[PDB]
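Q: To start, I am sharing the structure in question, which I have written as structure tokens.
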Amino acid sequence: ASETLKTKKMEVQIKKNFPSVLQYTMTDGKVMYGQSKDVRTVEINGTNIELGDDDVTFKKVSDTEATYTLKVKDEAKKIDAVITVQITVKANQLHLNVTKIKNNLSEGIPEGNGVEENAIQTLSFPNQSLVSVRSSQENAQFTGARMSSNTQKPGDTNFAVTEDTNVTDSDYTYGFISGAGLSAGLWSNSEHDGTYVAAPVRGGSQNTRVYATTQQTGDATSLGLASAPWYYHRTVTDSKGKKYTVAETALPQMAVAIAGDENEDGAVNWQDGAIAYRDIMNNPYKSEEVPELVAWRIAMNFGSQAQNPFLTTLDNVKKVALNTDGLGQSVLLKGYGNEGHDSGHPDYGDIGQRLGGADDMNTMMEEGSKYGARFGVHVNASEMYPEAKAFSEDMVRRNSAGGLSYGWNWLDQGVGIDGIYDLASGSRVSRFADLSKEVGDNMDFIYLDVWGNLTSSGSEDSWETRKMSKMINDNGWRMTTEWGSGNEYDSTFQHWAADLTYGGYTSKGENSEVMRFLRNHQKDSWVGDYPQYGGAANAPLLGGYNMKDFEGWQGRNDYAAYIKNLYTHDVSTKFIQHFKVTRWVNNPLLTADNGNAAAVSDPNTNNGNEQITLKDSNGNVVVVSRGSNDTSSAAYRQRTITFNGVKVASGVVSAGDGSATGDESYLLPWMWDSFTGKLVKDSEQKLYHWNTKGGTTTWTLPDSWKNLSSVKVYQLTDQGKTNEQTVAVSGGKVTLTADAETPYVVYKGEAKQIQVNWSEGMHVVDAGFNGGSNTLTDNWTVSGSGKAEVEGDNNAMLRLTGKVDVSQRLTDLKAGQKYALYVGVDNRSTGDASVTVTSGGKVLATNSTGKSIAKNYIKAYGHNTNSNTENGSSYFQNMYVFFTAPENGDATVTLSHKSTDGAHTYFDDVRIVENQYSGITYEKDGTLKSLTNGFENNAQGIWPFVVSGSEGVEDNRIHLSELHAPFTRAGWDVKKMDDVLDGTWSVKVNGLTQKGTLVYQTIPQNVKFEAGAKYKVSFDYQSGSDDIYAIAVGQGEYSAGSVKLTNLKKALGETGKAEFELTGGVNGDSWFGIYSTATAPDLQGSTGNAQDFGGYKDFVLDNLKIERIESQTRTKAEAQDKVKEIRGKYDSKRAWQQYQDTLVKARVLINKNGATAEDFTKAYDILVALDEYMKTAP
Ligand SMILES: [Mn+2]
Ligand SMILES: [Mn+2]
Ligand SMILES: [Mn+2]
Ligand SMILES: [Mn+2]
């Protein structure tokens, strides 16, 4: 016997003896079958149990709901369960939910996720056939999807269901059946992993949730769909062999939705079922905001450098907002935590103190949201460093031998995290809670790096990935991840899908027509244009996110290229995501040969060439059409886009792989706000215009613009809307002239400038010189005979020439508190460039640099030596002052150039930060008396040192190491060096042996050594081997063979001491530093990772002390005699520039009117140093 459940759209006949459907009858009389045969199988823990009449009780709750109680028992196999099942119907949907599972053999999971004996681990209903179609029905067919990251291998299958179709639990991510005028897909929350087409990783790539099985049904073959098995209480083992039972992510759920000809195209196939399927499918959390995310990019910090503090990222948000006229953004903070990128894993709650900590991060996010910018952070749940407070013996993944599972060595040695322990112990969820306490509700997303690559365990399956995504989504965070194929269920972005350059054609986003038809609008997880990959990547009609960056990720810093790329691919891609696919025909990727014979070829659509139709909930219609399906035709890459029948884009996109400029032009109506994406005031609707080659094009305006007599057009730049033009509208059409690759925005009437207050929270207005030439009148005050300009078409800078002062009042200081102020400076002049903080005309603090001597090698930094500040190079380095905020609240910063030279000084990034450093002591006249540094208060970087060129422009393997005993100390595992010598922080060099060049160095702007003055330098150190690192002393820009070197002896696990004296060079440009020799390390018979983790190749420095010392006082005569002695030694040589230079300068000190004993002593000491130099001169 049976009962009927009923909605306005259908009646469903259900069996009383099992949660089975006999058939669905739609209002119009069309019928779809369920399970026409007596099948009553329940699987628990892999055992099939067939239920009899007495094993099932039934109750019809209402016309929309029935409840079943299933006794599921097999004594032999230790199964004794009672399963409650609910069937409900609404509209054209039927839901089947397991609402209760009672285990008669268990009291549940023991405390701390102990093993539950006889746990019900898996449950399914084999061959349940919730919906079915038959070989006897008209146009009976199946379409299924599996995961493919390979642009040349489609994930889909499309075939007719015939009497020969034979299939048993054939598994698919998605599965649709159609026949006799109806179509249905089956949805399930099953975490089952199964068959895939192509995927480089696990991590949820393999989730297959639908099982297709044929059975004989009278004289016909019936293809039925069932859910793949669900996990309930799964028992798992960690890397140490410890077992746990972990409760279900969610109770079992599944559903079907019955469609007729939903897109009204006269055929019934999976596309009709897919439209209905959107009403029942899981939707990734916060997938509704994806179409607003026009401007993705990464802002990077690394190696303690603070390349991108949070308030700077906010300013770059405002710059992008101006240049895009306020389109939404999604900024991925790679290195938001601890010392930067790939430091501090997995302490999710440790927000980078050198970046401004949680406070600046929150200010950035809160203010950024007003410009439609979302923020998210890069985390790692697979690898960790000793420095992280979460690092523990239980967190460590061990191999079967009991040794560490080592990760990557770079700044420090990474160690695998035991992924099963991290889940089952509650450790990972607790660290995400730490992060939640810091960010509250402000942060948009998590970016989970690497998950799926088997670094945390050999599984990382869909079950683990589902739990991972849930702990993230539970904190209000949208899920995003690295690998193109990963996390089909929950992820809304894959870095290796959106950045098309990575991985190659086998390793991209999801190459499936079914998946993209269903979810294009919900994810940036697809294949975009990158034609060298072929197939899916040759001009996809839907486009696809193409991600570039300008804030340091992999050295990327080209802002203009970033913006051009947004307009080339991303604006149209995002426009398209505002609509949902309703029809897709003539797909050239699908053939009879690749398992897709039943895909539609409609010769009456677009000449039988590919076309996709999309609609929104207001009935707007977008149609995207391929010029030709033949890849050797010029027309294969031609795309037309229409909006409500009107052409809004036409042509060939510049190749997404950078290889060939295109000719596409567009006039796209951007009808939505950058927030929840609602329609904007009819009066603030706008169109974006782009013309790849440049030139003149004519367009039909949207219907609501058709009666206007003119429009207003603005050219968009980094300053916002410029060059307003009034363009006549004639018969609803406009003609537009555009420079090539230049963005314009079109309004119905006059439009106001997006308001921007540069550098909120930064104590100064426009700290990064983003406000155009106007900033030097509106924000900064310029004075003097020289010249101040905002210079650079990329990351703009202050450029000074001649005698000029540029100043600005400081705001929002806490009176009586200590601050560092540092500014990037590159001085090409021989004259000094200075930074000064004054209060009431009185100097609080001041510092200066002569000609810069050290090029910038910091890859993630915006003015490194690959960025061309001037000539082939950049010498940008941070120049500091330290002051106490005055009680009267009156403080001013001045940036200046003194000399009347024609050469330039560059400044950028004025940073005022609370800072407790107080290790500099001056002499009466303001020269250096002493500088000490335990590195406990570094605002950023390895100050007073700067990183040198031993790795070129790199994410340099030098940073501030952090204490976390015992793991960071000698003696843990195979570690033989302490990371930290004193306090919590030291300067660490990792593995930079045999470079035969300078590793880092002081510079004059950081530590100035006065000409002829004498200084004692000392520090504590550890060094992994004898003579692998040396003290270097030099004057001016480093050059091979013009430095004094002193080899350092091994101090491995016990701290050594170094001290030496130096005499200031005559040009004030002396410096000392650490140098990597040509000597090989002694690895003490260590092999494998031990060679790196042992510390044999490393150098740690702490407790630096620099102090002026008393020199033996000299008379003028002694100095004069020393000149004679030196000239007697070397004037007869010549077998010399340095010599003559030092000599002239020494004689100046000697002969000056009013010279004193200090002058004579300096002259004498200068000549003694000249003597030592000259002994080993070229
Ligand atoms: Mn249809
Ligand atoms: Mn700048
Ligand atoms: Mn220290
Ligand atoms: Mn470290």
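So you can find residues: chains in the structure tokens are A, B, ... in the order shown, residues in each start at 1, and ligands are numbered from 1 in order.
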Around ligand 3, at most 7 Å away and counting only C-alpha atoms and all ligand atoms, which residues are there? Put them as a count of residues only, please.
A: 12
Q: Please find the residues contacting ligand 1 at a distance of at most 8 Å between atoms, with only C-alpha atoms and all ligand atoms counted, and report them as a list in words.
A: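 Written in the requested form, the residues are residues 260, 261, 262, 263, 264, 265, 266, 267, 268, 269, 271, 272 and 583 of chain A.
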Q: Which residue is closest to ligand 4? Choose from A:139, A:363, A:915, A:961 and count only C-alpha atoms and all ligand atoms.
A: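 Of the candidates, the smallest distance to ligand 4 is held by A:961.
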Q: Just the residues within 10 Å of range 527-540 of chain A, please, counting only C-alpha atoms, with nothing from its chain fewer than 6 positions along; format it as a PyMOL selection string.
A: chain A and resi 149-154+484+496-501+504-506+508-513+516+546+569-570+573+588-589+610+626+631+636-639+652-660
Q: If the limit is 9 Å from any atom of ligand 2, counting only C-alpha atoms and all ligand atoms, which residues qualify? Return them as a ChimeraX atom specification.
A: /A:766-770,792,794-798,862-863,907-909
Q: Output C-alpha atoms for every residue in that selection, as a PDB file, in the first residue's frame.
A:
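For reference, again10.pdb as written:
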ATOM      1  CA  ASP A 766      48.447  60.916   2.027  1.00  0.00           C
ATOM      2  CA  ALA A 767      51.433  58.985   3.441  1.00  0.00           C
ATOM      3  CA  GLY A 768      51.954  57.173   0.119  1.00  0.00           C
ATOM      4  CA  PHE A 769      51.676  60.150  -2.232  1.00  0.00           C
ATOM      5  CA  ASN A 770      48.563  58.729  -3.978  1.00  0.00           C
ATOM      6  CA  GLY A 792      56.197  57.704 -10.907  1.00  0.00           C
ATOM      7  CA  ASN A 794      53.194  53.100 -10.913  1.00  0.00           C
ATOM      8  CA  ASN A 795      53.570  53.352  -7.092  1.00  0.00           C
ATOM      9  CA  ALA A 796      53.810  57.209  -6.883  1.00  0.00           C
ATOM     10  CA  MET A 797      56.567  58.808  -4.795  1.00  0.00           C
ATOM     11  CA  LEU A 798      57.664  62.236  -3.520  1.00  0.00           C
ATOM     12  CA  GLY A 862      56.917  48.142  -3.659  1.00  0.00           C
ATOM     13  CA  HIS A 863      60.238  49.855  -4.386  1.00  0.00           C
ATOM     14  CA  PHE A 907      60.548  59.445  -0.459  1.00  0.00           C
ATOM     15  CA  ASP A 908      57.459  57.249   0.052  1.00  0.00           C
ATOM     16  CA  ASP A 909      55.364  55.658   2.795  1.00  0.00           C
TER      17      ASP A 909
END
Q: Taking only C-alpha atoms and all ligand atoms into account, which residues have an atom no farther than 12 Å from ligand 4? I'd like them as a PyMOL selection string.
A: chain A and resi 302-304+337-345+384-389+409-414+957-964+967-968+978-980+984-990+1100
Q: For the selection you just gave me, I'd like the residues written to a file as a compact mmCIF listing (two decimals), in the first residue's frame, keeping N, CA and C atoms.
A:
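Saved as out22.txt:
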# COMPACT_ATOMS: atom_id res chain seq x y z
N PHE A 302 56.21 39.71 4.31
CA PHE A 302 57.09 38.53 4.40
C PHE A 302 58.37 38.87 5.19
N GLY A 303 58.84 37.96 6.02
CA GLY A 303 60.18 38.07 6.62
C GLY A 303 60.39 39.28 7.54
N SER A 304 59.34 39.64 8.29
CA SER A 304 59.40 40.72 9.28
C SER A 304 59.45 42.11 8.67
N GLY A 337 49.68 37.56 9.31
CA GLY A 337 49.93 37.06 10.65
C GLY A 337 51.40 36.97 11.02
N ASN A 338 51.68 37.01 12.33
CA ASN A 338 53.03 36.76 12.83
C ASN A 338 54.05 37.62 12.04
N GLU A 339 55.15 37.05 11.54
CA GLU A 339 56.19 37.86 10.85
C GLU A 339 55.93 38.03 9.34
N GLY A 340 54.85 37.39 8.86
CA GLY A 340 54.47 37.49 7.44
C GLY A 340 54.11 36.15 6.81
N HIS A 341 54.24 36.08 5.50
CA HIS A 341 53.82 34.90 4.75
C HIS A 341 54.72 33.75 5.08
N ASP A 342 54.14 32.60 5.41
CA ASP A 342 54.91 31.41 5.75
C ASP A 342 55.83 31.67 6.98
N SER A 343 55.28 32.42 7.94
CA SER A 343 55.77 32.51 9.30
C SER A 343 54.57 32.30 10.18
N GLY A 344 54.78 31.70 11.34
CA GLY A 344 53.74 31.67 12.35
C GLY A 344 52.64 30.64 12.17
N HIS A 345 52.65 29.89 11.05
CA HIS A 345 51.64 28.83 10.87
C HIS A 345 51.81 27.89 12.04
N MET A 384 53.60 23.70 9.86
CA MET A 384 53.79 24.63 10.98
C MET A 384 55.27 24.84 11.25
N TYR A 385 55.60 25.92 11.96
CA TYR A 385 56.99 26.24 12.34
C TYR A 385 57.15 26.20 13.85
N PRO A 386 58.36 25.80 14.34
CA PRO A 386 58.65 25.82 15.77
C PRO A 386 58.22 27.08 16.52
N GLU A 387 58.36 28.26 15.90
CA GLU A 387 57.97 29.55 16.51
C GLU A 387 56.49 29.66 16.90
N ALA A 388 55.62 28.92 16.21
CA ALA A 388 54.18 29.01 16.47
C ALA A 388 53.82 28.42 17.82
N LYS A 389 53.02 29.14 18.60
CA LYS A 389 52.68 28.66 19.92
C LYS A 389 51.88 27.36 19.88
N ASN A 409 61.91 24.11 4.09
CA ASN A 409 62.80 25.00 4.81
C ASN A 409 63.04 26.25 4.01
N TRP A 410 62.86 27.42 4.63
CA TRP A 410 63.08 28.68 3.93
C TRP A 410 63.53 29.74 4.95
N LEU A 411 62.60 30.32 5.72
CA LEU A 411 62.98 31.16 6.86
C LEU A 411 63.35 30.25 8.04
N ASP A 412 62.58 29.17 8.16
CA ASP A 412 62.70 28.19 9.22
C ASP A 412 62.28 26.87 8.60
N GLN A 413 62.44 25.79 9.34
CA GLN A 413 62.01 24.47 8.87
C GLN A 413 60.54 24.23 9.18
N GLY A 414 59.74 24.03 8.14
CA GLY A 414 58.34 23.67 8.32
C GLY A 414 58.21 22.20 8.69
N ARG A 957 65.82 35.00 2.81
CA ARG A 957 65.81 34.02 3.88
C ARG A 957 66.43 34.55 5.16
N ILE A 958 66.05 35.79 5.48
CA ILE A 958 66.59 36.51 6.60
C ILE A 958 65.41 37.22 7.25
N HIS A 959 65.26 37.07 8.56
CA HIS A 959 64.12 37.71 9.26
C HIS A 959 64.35 37.72 10.76
N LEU A 960 63.37 38.20 11.52
CA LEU A 960 63.42 38.16 12.98
C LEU A 960 62.87 36.82 13.47
N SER A 961 63.75 35.99 14.02
CA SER A 961 63.37 34.72 14.64
C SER A 961 62.75 34.97 16.00
N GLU A 962 61.82 34.09 16.38
CA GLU A 962 60.98 34.26 17.57
C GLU A 962 61.09 33.05 18.50
N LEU A 963 61.11 33.31 19.81
CA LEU A 963 61.26 32.25 20.81
C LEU A 963 59.98 31.45 20.98
N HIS A 964 60.13 30.14 21.01
CA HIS A 964 59.09 29.28 21.50
C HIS A 964 59.73 28.00 22.00
N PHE A 967 60.98 24.12 21.35
CA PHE A 967 61.03 23.77 19.93
C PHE A 967 61.95 24.64 19.11
N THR A 968 62.11 25.91 19.51
CA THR A 968 63.01 26.82 18.79
C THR A 968 64.47 26.75 19.28
N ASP A 978 70.12 27.53 18.51
CA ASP A 978 69.00 28.28 19.06
C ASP A 978 68.58 29.31 18.01
N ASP A 979 67.26 29.48 17.81
CA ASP A 979 66.75 30.55 16.95
C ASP A 979 66.96 31.92 17.58
N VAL A 980 66.89 31.97 18.91
CA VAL A 980 66.90 33.24 19.64
C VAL A 980 67.97 33.16 20.74
N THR A 984 63.00 37.64 23.22
CA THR A 984 62.07 36.86 22.41
C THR A 984 62.47 36.82 20.91
N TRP A 985 63.32 37.76 20.48
CA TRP A 985 63.64 37.96 19.06
C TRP A 985 65.13 38.05 18.78
N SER A 986 65.56 37.48 17.66
CA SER A 986 66.92 37.74 17.14
C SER A 986 66.86 37.96 15.64
N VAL A 987 68.01 38.25 15.02
CA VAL A 987 68.10 38.31 13.56
C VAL A 987 68.60 36.93 13.10
N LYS A 988 67.84 36.25 12.24
CA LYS A 988 68.23 34.93 11.73
C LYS A 988 68.48 34.89 10.22
N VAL A 989 69.56 34.22 9.83
CA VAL A 989 69.88 33.92 8.45
C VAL A 989 69.73 32.41 8.31
N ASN A 990 68.93 31.96 7.34
CA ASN A 990 68.74 30.52 7.14
C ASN A 990 69.40 30.03 5.83
N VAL A 1100 72.68 33.41 13.46
CA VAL A 1100 71.79 34.16 14.33
C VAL A 1100 72.58 35.24 15.07
Q: I'd like to know which of A:868, A:900, A:298, A:839 is closest to residue 549 in chain A, using only C-alpha atoms.
A: A:298
Q: Range 432-519 of chain A: which residues are strand (DSSP E or B) by DSSP, as a PyMOL selection string?
A: chain A and resi 445-448+478-481+493-494
Q: Do you know which residues are at most 8 Å from residue 727 in chain A counting only C-alpha atoms, after dropping those on the same chain fewer than 2 positions away, and could you put them as a PyMOL selection string?
A: chain A and resi 710-713+725+729+734-736
Q: Now that the selection is made, can you save its residues with N, CA and C atoms as an mmCIF file, in the first residue's frame?
A:
data_model
loop_
_atom_site.group_PDB
_atom_site.id
_atom_site.type_symbol
_atom_site.label_atom_id
_atom_site.label_comp_id
_atom_site.auth_asym_id
_atom_site.auth_seq_id
_atom_site.Cartn_x
_atom_site.Cartn_y
_atom_site.Cartn_z
ATOM 1 N N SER A 710 21.672 63.503 -24.109
ATOM 2 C CA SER A 710 23.129 63.402 -23.985
ATOM 3 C C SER A 710 23.520 62.488 -22.817
ATOM 4 N N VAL A 711 24.805 62.122 -22.744
ATOM 5 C CA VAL A 711 25.345 61.376 -21.608
ATOM 6 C C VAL A 711 26.634 62.030 -21.185
ATOM 7 N N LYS A 712 27.091 61.720 -19.975
ATOM 8 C CA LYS A 712 28.375 62.246 -19.516
ATOM 9 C C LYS A 712 29.403 61.115 -19.472
ATOM 10 N N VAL A 713 30.581 61.332 -20.041
ATOM 11 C CA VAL A 713 31.616 60.281 -20.112
ATOM 12 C C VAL A 713 32.861 60.761 -19.394
ATOM 13 N N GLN A 725 33.301 64.496 -20.721
ATOM 14 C CA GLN A 725 32.831 64.858 -22.051
ATOM 15 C C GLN A 725 31.330 64.697 -22.076
ATOM 16 N N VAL A 729 23.221 61.920 -27.639
ATOM 17 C CA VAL A 729 22.477 60.698 -27.903
ATOM 18 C C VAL A 729 21.564 60.993 -29.077
ATOM 19 N N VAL A 734 24.792 56.193 -28.984
ATOM 20 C CA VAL A 734 25.928 57.076 -28.758
ATOM 21 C C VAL A 734 27.134 56.605 -29.539
ATOM 22 N N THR A 735 27.975 57.557 -29.935
ATOM 23 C CA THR A 735 29.281 57.253 -30.550
ATOM 24 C C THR A 735 30.355 57.628 -29.523
ATOM 25 N N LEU A 736 31.324 56.740 -29.308
ATOM 26 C CA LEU A 736 32.363 56.987 -28.309
ATOM 27 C C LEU A 736 33.719 56.858 -28.927
#
Q: Of the residues A:357, A:126, A:784, A:732, which is the one nearest to residue 807 in chain A, using only C-alpha atoms?
A: A:784
Q: I'd like the neighbourhood of residue 1032 in chain A as a VMD selection string, where a residue qualifies if any of its atoms comes within 12 Å (using only C-alpha atoms), though same-chain residues fewer than 4 positions away should be ignored.
A: chain A and resid 996 to 1002 1017 1038 to 1048 1060 to 1062 1070 to 1077
